[PDB]
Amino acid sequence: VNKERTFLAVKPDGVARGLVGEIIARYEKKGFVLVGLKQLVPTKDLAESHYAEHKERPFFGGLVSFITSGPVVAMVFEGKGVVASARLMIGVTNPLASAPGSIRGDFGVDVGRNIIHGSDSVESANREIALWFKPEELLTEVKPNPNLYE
């Protein structure tokens, strides 16, 4: 189904490095539809909720701290297979190991400064979308380019 959504957040390092438009352009080119978009400085509450899966790990504190250290551009993209496809376009956790062509492969060097977050599953996408966005902030009717889908 073509109404799958994923959550992506350009983290404060990616925003600070002027990569917001380069990243959005990659997903627009791919044919995914921008369905929500805003810049914000995450609060502590949202951050801990965002990273709640790690909350028993020692590196949780660092994650929460970093993501609330500056502006973040949160976005929701819609399309077929968007959750896995967007991960593939991101690269792997370690930017040094991410293939050239991928966002982290092209732009990143350090795990802790790896530019962008993308949901790792449809279920984490749905939780993250409902976390970061109000329903009113999301397009209800989406029309993609007619040349994208059969």
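The numbering used is simple: start at 1 and walk along the sequence shown. If you superpose the two forms and keep the largest set of C-alpha atoms that fall within 1.5 Å, you have the rigid core.
Taken in 4 other deposited structures of this protein and fitted on the core, 52-60 and 27-35 differ in how far their Cα atoms move from the shown form, and the one that moves more is 52-60. Higher mean CA temperature factor between 59-67 and 24-32: 59-67, per the PDB entry. Checked against the record, the higher mean CA B factor of 90-98 and 118-126 lies with 118-126. In the deposited entry, the Cα temperature factor of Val111 places it in the middle third of its chain's modelled residues.
Ranked by Cα temperature factor within the chain, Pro42 sits in the highest third according to the deposited record. The entry lists a Cα temperature factor for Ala52 that places it in the highest third of the chain's modelled residues. When the CA B factors of the chain's modelled residues are split into thirds, the value for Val1 lands in the highest one.
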